[PDB]
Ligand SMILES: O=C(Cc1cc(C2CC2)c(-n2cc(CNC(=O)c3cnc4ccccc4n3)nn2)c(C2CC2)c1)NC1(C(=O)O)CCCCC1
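Encoded as structure tokens, the following chain is the form deposited without the ligand, with no partner shown.
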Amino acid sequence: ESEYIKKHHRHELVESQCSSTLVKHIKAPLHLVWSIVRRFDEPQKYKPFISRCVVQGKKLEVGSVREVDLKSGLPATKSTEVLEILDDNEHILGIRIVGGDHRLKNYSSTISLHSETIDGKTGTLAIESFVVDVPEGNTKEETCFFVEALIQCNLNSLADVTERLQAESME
């Protein structure tokens, strides 16, 4: 489809890493979906397990760092994450988790957005990939299942939020 887009997505390089790719068809225009996805400073707009986010400054650029508050059901759990890719032409957002109160070490993700027509209606195809270390004591499957579940939830929420925003901008 695109070598350039492909190379920005994630893939396992060693046995102790896990990687997978999930897709979601969203019934909303790409410019609207990207307007939400690109906001590295406001993940909580659609990621259900993030309650708040702190970045320094307001201009998003490669190397921007955020600290997010995770809804883990425990006190004060955080994640520090760096913006690796912010491509406003090809609609690619890439992030790496640098640290936090996590099981997910060396986690990176890429989401890209692409216009798509389904049933004569133009919407957005979201493709999200990740790579992560498999923790000491874990099976690969345990880690992959967990991360795949999280991303599925995030994509389902992205679809719901943006589809609602689209409907609100028709009324």
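Residues that one form lacks are left out of the comparison. For the two forms, the rigid core is made up of the largest set of C-alpha atoms that agree within 1.5 Å on superposition. Residue positions are given as counts along the sequence shown, with the first one as 1.
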Original post:
If you average the CA temperature factors over each stretch, which comes out higher, 11-19 or 151-159?
Top reply: 11-19
Original post:
So which stretch wins on mean C-alpha B-factor, 56-64 or 33-41?
Top reply: 56-64
Subject >> Peak C-alpha temperature factor (PDB record), options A28, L113, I118, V132 >> reply: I118
Original post:
Per the entry, which of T124, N106, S109, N138 tops the list for Cα B factor?
Top reply: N138
Original post:
Sorting the chain's CA B-factors, does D101 end up in the lowest, middle or highest third?
Top reply: highest
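Missing here is the form deposited with the ligand bound; even so, the following discussion is about that form.
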Original post:
Is there a clash that blocks the site, or is it open, when the ligand is superposed from its pose in the bound PDB entry and ligand atoms are checked against a 2.4 Å limit to backbone and C-beta atoms, 3 or more counting as blocked?
Top reply: blocked
Original post:
So which of 119-127, 54-62, 27-35, 98-106 is the stretch with heavy atoms within 4.5 Å of the ligand in the bound PDB entry?
Top reply: 98-106
**OP:** Decide yes or no: are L70, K78 and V147 jointly within 4.5 Å of the ligand in the bound PDB entry, with each residue judged by its heavy atoms?
**Re:** yes
Original post:
Is there any non-hydrogen atom of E142 lying within 4.5 Å of the ligand in the bound PDB entry?
Top reply: yes
Original post:
Using heavy atoms and a 4.5 Å limit, would one call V161 a contact residue for the ligand in the bound PDB entry?
Top reply: no
Original post:
Is there a heavy atom of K47 no more than 4.5 Å from a heavy atom of the ligand in the bound PDB entry?
Top reply: yes
Original post:
With both forms fit on the core, has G57 moved 2 Å or more by CA between this form and the one not shown?
Top reply: yes
Original post:
Your call: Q152 and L74 CA atoms, closer or farther in the bound PDB entry versus the shown structure, by 3 Å or more?
Top reply: closer
Subject >> Closer or farther in the bound PDB entry: C-alpha pair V134, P75 (3 angstroms or more) >> reply: closer
Original post:
Which stretches of at least three consecutive residues shift by 2 Å or more at every Cα between this form and the one not shown, once the core is superposed?
Top reply: 57-59, 74-76
